[PDB]
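Here is the naming used below: chain letters follow the sequence lines, and residue numbers restart at 1 for every chain.
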There are 2 protein chains.
Amino acid sequence: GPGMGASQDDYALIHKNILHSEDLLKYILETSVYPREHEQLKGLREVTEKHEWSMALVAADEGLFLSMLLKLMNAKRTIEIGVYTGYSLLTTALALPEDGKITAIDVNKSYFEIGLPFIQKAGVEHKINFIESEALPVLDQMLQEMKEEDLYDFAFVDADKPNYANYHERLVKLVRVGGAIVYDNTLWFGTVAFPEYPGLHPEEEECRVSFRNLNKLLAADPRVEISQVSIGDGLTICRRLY
Amino acid sequence: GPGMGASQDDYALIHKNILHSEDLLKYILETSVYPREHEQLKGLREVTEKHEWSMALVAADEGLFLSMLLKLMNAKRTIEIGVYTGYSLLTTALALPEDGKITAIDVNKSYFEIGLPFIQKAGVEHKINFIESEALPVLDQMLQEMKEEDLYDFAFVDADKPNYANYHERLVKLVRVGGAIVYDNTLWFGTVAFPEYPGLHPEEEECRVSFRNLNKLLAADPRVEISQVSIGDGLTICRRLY
Ligand SMILES: Nc1ncnc2c1ncn2[C@@H]1O[C@H](CSCC[C@H](N)C(=O)O)[C@@H](O)[C@H]1O
Ligand SMILES: Nc1ncnc2c1ncn2[C@@H]1O[C@H](CSCC[C@H](N)C(=O)O)[C@@H](O)[C@H]1O
Ligand SMILES: [Mg+2]
Ligand SMILES: [Mg+2]
């Protein structure tokens with residue numbers, strides 16, 4: 001209702017980690033991430049750390065992993081669902097070749113405007129077509145229009161978590177055979193390991209349930225092969241088989 | 001040489017995990033790994049779990065991730081350093097195309113022969129050239145024989161951990177530009193996060209120190225891009241830049 005509105009301080013999970021200790025995560029970041037992080041990614045991360053929804057920001061070690069996957073697979077055309085201030089988007093744009101093209105979809109362009117100056121300074125704004133919309137209608141329109149020559153090599157899904165299974169039904173048609181779909185947050189702070197988890201905000205509980213269902217669906221889906229990876233808050237890589 | 005025992009039972013870290021939640025690791029395996037694990041990988045894993053060096057067996061979630069990398073990068077020729085009973089090796093042979101080729105190097109052929117019946121039943125023994133040797137002399141001979149056109153697409157390094165930096169100096173010349181070198185165990189049970197860590201066997205302490213040194217070296221090495229990934233016992237993916 002009216003009042004102060006939603007704050008990440010209403011959530012129960014924000015200080016949880018999947019790694020053994022905060023010391024281990026800090027070691028990875030300080031040793032293997034920050035020395036390899038573009039100046040503009042550092043600037044975008046530091047501003048975003050102060051933002052009211054900072055809990056949503058993709059982890060920086062996960063960012064370098066996404067970059068590595070895009071390069072090893074020679075991705076050129078990609079889609080991102082859930083942009084926020086742009087950390088995964090800028091990571092992706094820096095990883096792609098000069099002629100790479102990203103379709104980036106988010107319901108709230110004001111978040112993207114926080115990252116836009118960093119993206120511009122990095123020299124990669126030309127690779128990004130940002131669309132301000134709920135993602136499902138955009139994907140459904142794409143399914144009417146896109147031809148084989150326009151299929152995506154890679155999709156990163158990091159938007160509203162309860163809709164991931166709906167996004168999957170479109171993305172297995174929009175990403176080429178042999179292409180990759182990466183779903184972020186599939187371990188949901190560790191809560192997915194429990195059939196009940198006390199004290200969660202109703203939105204957090206909804207995502208525990210939706211991720212438990214999604215993880216079973218993806219493990220059973222013959223259209224993809226999968227790898228669930230315990231980096232960040234968990235992610236699942238899907239490769240389209242047919 | 002004379003000294004103290006260094007069998008698995010002499011080590012302190014066997015049961016320590018990089019994830020804090022044993023329930024979360026089991027959830028990943030039961031939900032996203034075992035339903036996707038080839039029958040012959042299951043059989044090879046089950047025998048290896050009973051073997052006296054079971055702690056060295058690659059994690060099964062990590063196996064599916066290595067398979068995913070190999071397929072997404074369209075690897076065809078690969079090298080494996082440290083085979084043990086063959087779990088990563090069989091994972092790799094299943095992932096590669098029918099005409100794929102693996103050079104697999106281990107000092108102990110008897111360990112390989114434990115896994116070999118499972119590899120044979122999977123129909124992929126023909127992709128594997130197993131070399132019974134210490135790896136460093138094999139790599140040095142390869143430097144003298146290899147042509148640019150036969151460089152490997154992918155190397156998995158999982159042998160004697162203190163020698164990884166020595167292996168790296170050869171592998172950056174034996175993997176193609178754009179190819180991948182994956183170093184296993186680069187988080188060493190999480191002990192790398194600490195400048196001092198009491199209660200280790202001397203060989204475990206040697207690896208903590210050698211991984212702390214390697215992780216700094218790789219983060220500073222301009223010949224590669226890197227991503228350290230907190231899956232299994234940690235691994236670092238390197239992509240050769242020039
Ligand atoms: N239905 C929907 N369609 C598209 N975007 C949505 C959406 N519901 C929520 N979002 C957006 O999903 C984003 C989730 S956070 C994305 C994090 C970002 N990828 C990073 O690298 O840090 C938010 O910006 C939010 O506005
Ligand atoms: N100098 C050396 N050269 C090659 N192999 C070595 C070596 N020193 C030890 N090894 C081998 O390194 C292996 C480490 S365990 C390898 C695990 C395996 N990749 C898996 O997927 O489970 C052992 O089999 C050991 O015999
Ligand atoms: Mg996320
Ligand atoms: Mg290992």
For A/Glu225 and B/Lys71: C-alpha separation, side-chain torsions, deciding distance, then whether salt bridge (charged side-chain N to carboxylate O under 4.0 Å, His left out) applies.
CA-CA 10 Å; A/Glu225 62 202 331; B/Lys71 293 185 179 203; 2.7 Å; yes
Pair A/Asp61-A/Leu25, side chain to side chain contact (heavy atoms under 4.5 Å, CB included): steps then yes or no
CA-CA 9 Å; A/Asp61 60 329; A/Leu25 183 51; 4.1 Å; yes
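- Checking side-chain atoms of B/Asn108 against main-chain N and O of B/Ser110 turns up a donor-acceptor pair under 3.5 Å.
- When every heavy atom of B/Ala95 is checked against every heavy atom of B/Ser67, the shortest pair comes out as CB-OG, 3.7 Å.
- Counting only heavy atoms from C-beta outward, the side chains of A/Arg239 and A/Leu241 approach each other to under 4.5 Å.
- Within the 4.5 Å cutoff, side-chain heavy atoms of A/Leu72 are placed close to those of B/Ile237.
- At distances below 3.5 Å, not a single donor-acceptor pair connects side-chain atoms of B/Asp150 with backbone N or O atoms of B/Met146.
- When all heavy atoms are compared, the tightest approach of B/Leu116 to B/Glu125 is CD1-OE2, 3.5 Å.
- With a 4.5 Å cut-off on side-chain heavy atoms, B/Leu89 and B/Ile102 count as touching.
- Residue B/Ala75 comes nearest to B/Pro97 through the heavy atom pair O-CD, 3.4 Å, listed as atom of the first residue, atom of the second, then distance.
- The shortest side-chain heavy-atom distance between B/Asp140 and B/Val138 does not fall under the 4.5 Å cut-off.
- Taking each heavy atom of A/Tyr87 and A/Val58 in turn, the nearest pair found is CD2-CG1, 3.5 Å.
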Apply the test salt bridge (charged side-chain N to carboxylate O under 4.0 Å, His left out) to residues B/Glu46 and B/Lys50: give CA-CA distance (whole Å), side-chain angles for both, the deciding distance (0.1 Å), then the verdict.
CA-CA 7 Å; B/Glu46 288 179 349; B/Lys50 298 174 178 69; 5.7 Å; no
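- Under the 3.5 Å distance criterion, the side-chain polar atoms of A/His126 are matched with a main-chain donor or acceptor of A/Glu98.
- Distance CG/A/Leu218 to CZ/A/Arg223: 9.5 Å, rounded to 0.5 Å.
- Here the OG-OH distance, from B/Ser230 to A/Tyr27, works out to 13.0 Å after rounding to the nearest 0.5 Å.
- Of the N and O atoms on the side chains of B/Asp10 and B/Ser7, at least one donor lies less than 3.5 Å from an acceptor on the other residue.
- Going from atom CG of A/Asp221 over to atom CD1 of A/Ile226 covers 9.0 Å, rounded to the nearest 0.5 Å.
- Relative orientation of the B/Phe154 and B/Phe156 rings is parallel, given thresholds of 30° and 60° on the angle between their planes.
- To the nearest 0.5 Å, the span separating CG on B/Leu235 from CG on B/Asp158 amounts to 9.5 Å.
- Using a 4.5 Å cut-off on side-chain heavy atoms (C-beta onward), A/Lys16 and A/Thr191 make no contact.
- Between A/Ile231 and A/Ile18, the shortest heavy-atom distance links the atoms N-CD1, 4.5 Å.
- Panel note: side chain B/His38, backbone B/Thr91; no donor-acceptor pair is recorded below 3.5 Å.
- In summary, the side chains of B/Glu206 and B/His201 do not present any donor paired with an acceptor at a separation below 3.5 Å, with no hydrogens or angles considered.
- Between B/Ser88 atom OG and B/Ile81 atom CD1 the span is 11.0 Å, to the nearest 0.5 Å.
- Checked for salt-bridge contact, A/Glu22 and A/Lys26 miss the test: no charged N lies under 4.0 Å from a carboxylate O.
- If you check the side chains of B/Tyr164 and B/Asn213, you find no donor sitting under 3.5 Å from an acceptor.
- Looking only at side-chain heavy atoms (C-beta outward), B/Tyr242 and B/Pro222 come within less than 4.5 Å of each other.
- Around the CD atom of B/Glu148, the shell of radius 6.0 Å holds no more than 12 heavy atoms that belong to other residues, nucleotides or ligands.
- Of the residues A/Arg176, A/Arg77, A/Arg240, the one that meets the salt bridge (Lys or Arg N to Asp or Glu O under 4.0 Å) test with A/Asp153 is A/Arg176.
- Side-chain contact between A/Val192 and B/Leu24 is present, with at least one heavy-atom pair separated by less than 4.5 Å.
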Please lay out, stage by stage, how B/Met55 and B/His15 fare under the test side chain to side chain contact (heavy atoms under 4.5 Å, CB included).
CA-CA 9 Å; B/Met55 78 176 260; B/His15 301 308; over 6 Å; no
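- No cation-pi contact links B/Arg208 to B/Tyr197, judged by a cut-off of 6.0 Å to the six-membered ring centre and 45° from its axis.
- Under the 4.5 Å side-chain criterion, counting only non-hydrogen atoms from C-beta, B/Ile114 is not in contact with B/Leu44.
- Counting only N and O atoms by type, the side chains of B/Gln8 and B/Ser54 include a donor and acceptor under 3.5 Å apart.
- Applying the side-chain contact (heavy atoms from CB on, under 4.5 Å) test between A/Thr92 and each of A/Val124, A/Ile128, A/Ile79, A/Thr78 identifies A/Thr78 as the sole match.
- More than 12 heavy-atom neighbours from other residues, nucleotides or ligands sit within 6.0 angstrom of CD on B/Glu205.
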Kindly determine whether A/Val175 and A/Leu151 satisfy side chain to side chain contact (heavy atoms under 4.5 Å, CB included), including the steps that lead there.
CA-CA 5 Å; A/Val175 170; A/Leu151 294 149; over 6 Å; no
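- Side-chain N/O atoms of A/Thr85 and A/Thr48 include a donor and acceptor closer than 3.5 Å.
- By the 30° and 60° cut-offs, the orientation of the rings of B/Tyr84 relative to B/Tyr111 is perpendicular.
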Using a 3.5 Å cut-off and no angle test, enumerate the donor-acceptor pairs between side-chain atoms of residues 182-190 of chain B and protein atoms at least two apart in sequence or in another chain.
{"unit_1": "B/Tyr183", "atom_1": "OH", "unit_2": "B/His168", "atom_2": "ND1", "d": "2.7"}
{"unit_1": "B/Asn185", "atom_1": "OD1", "unit_2": "B/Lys161", "atom_2": "NZ", "d": "3.1"}
{"unit_1": "B/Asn185", "atom_1": "ND2", "unit_2": "B/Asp233", "atom_2": "OD2", "d": "2.9"}
{"unit_1": "B/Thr186", "atom_1": "OG1", "unit_2": "B/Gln228", "atom_2": "NE2", "d": "3.1"}
{"unit_1": "B/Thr186", "atom_1": "OG1", "unit_2": "B/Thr236", "atom_2": "OG1", "d": "2.9"}
{"unit_1": "B/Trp188", "atom_1": "NE1", "unit_2": "B/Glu204", "atom_2": "O", "d": "3.0"}

Would you sort out whether A/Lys101 and A/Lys127 count as a side chain to side chain contact (heavy atoms under 4.5 Å, CB included), showing the intermediate values?
CA-CA 5 Å; A/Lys101 297 297 180 193; A/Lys127 306 191 191 180; 5.5 Å; no
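- Closest approach of B/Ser210 to B/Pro162, counting heavy atoms only: OG-CA, 3.8 Å.
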Evaluate the criterion side chain to side chain donor-acceptor pair (under 3.5 Å) for residue pair B/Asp23 and B/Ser21; output intermediate values, then yes/no.
CA-CA 5 Å; B/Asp23 303 324; B/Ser21 172; 4.7 Å; no
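- To the nearest 0.5 Å, atoms CG (B/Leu200) and SG (B/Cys207) are separated by 10.0 Å.
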